[PDB]
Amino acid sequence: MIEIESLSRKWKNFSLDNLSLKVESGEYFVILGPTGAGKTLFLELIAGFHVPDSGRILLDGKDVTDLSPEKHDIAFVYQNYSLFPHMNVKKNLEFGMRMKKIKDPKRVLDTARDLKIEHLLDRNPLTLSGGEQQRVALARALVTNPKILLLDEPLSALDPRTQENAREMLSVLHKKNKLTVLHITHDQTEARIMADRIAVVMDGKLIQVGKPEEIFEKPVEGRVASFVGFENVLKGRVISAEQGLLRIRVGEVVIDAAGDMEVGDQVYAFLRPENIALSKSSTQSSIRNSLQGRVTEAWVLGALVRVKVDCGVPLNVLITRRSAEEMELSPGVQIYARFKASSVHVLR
């Protein structure tokens, strides 16, 4: 649906040069990198508030680079959900309708349901909380039922307490509306968790593009590696969850961790290199997790020594340079990657 063709625009602090991208229908595409000034504008230019200097913008396959916002026929939700303060929620929802001259009150009561706002339909925008506002936002933004949903920093600015749900709400709309979402964030963790693809843009420059796994487990030199280097995030599926203690599955191994999640939940487990150990044997410690596998590469660093181990699951371990010598740097030594269970943070 969304195609940026050789785009370029120049402002007083942000420079966009030769940007080409293709977000295919229904795909949840995520741009990663830019900070505020950039993000918000790049998206505005897409939405048609800024005509480029050179290049094209093709939504649903229509050259809109020189049209107007009302004509781009999109859904746009700023980070600070720009709700109209002189209209009770409902009136807001309505707006989009009255604007394109439509009739159906079903679409409105149904859209209101889809976002669980029925109970707020009457309140005034300022008495609503972040999410409450954000929902109402998505609500009216999606009443005209477009296919393309442009969102900017919808997550990073909420209480962690809502982020989990928030993410769902979105993932849900992504499908039940068969939306083609363009998500711009500076939070790589958010990026992973919700992308179908990531488009790394640094200082208004496209640098890499591709499925999550391809961006982190295979960065491009310097810039990209520096931005996401050495971090263990395992996409897994909870197999058992007896009494707060989860057992998640990644590839062919099993990981013990903690958190309230039900079996069948596609979750994410974060594990820092400094919480993984390496023994030439697994003893019975308080350590729930202990995986076999060999060493892949040994990145002698400063005082520490990065190590990539293959335990059915790529793991980035970190070690004191000295232990790295008492043991073997041999790229292929049998190894036991053991990490404490209570140090594995799980997200959904």
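All residue numbers are counted from 1 along the displayed sequence.
- When the mean C-alpha temperature factors of 140-148 and 259-267 are read from the deposited coordinates, 140-148 comes out higher.
- As the entry records it, the average C-alpha temperature factor is higher for 111-119, out of 111-119 and 271-279.
- Reading the B-factor column for the CA atoms of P34, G293, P314, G302 in the entry, the top value corresponds to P34.
- In the deposited coordinates, the residue among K62, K308, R322, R288 with the greatest CA B-factor is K62.
- When the CA B factors of the chain's modelled residues are split into thirds, the value for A166 lands in the lowest one.
- Residue-level temperature factors show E70 in the highest third of its chain, judged at the C-alpha atom.
- In this PDB entry, the Cα temperature factor of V51 sits in the top third of its chain's modelled residues, the highest group.
- In this PDB entry, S240 carries a Cα temperature factor that places it within the middle third of its chain's modelled residues.
- When the modelled residues of the chain are ordered by C-alpha B-factor, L158 sits in the middle third.
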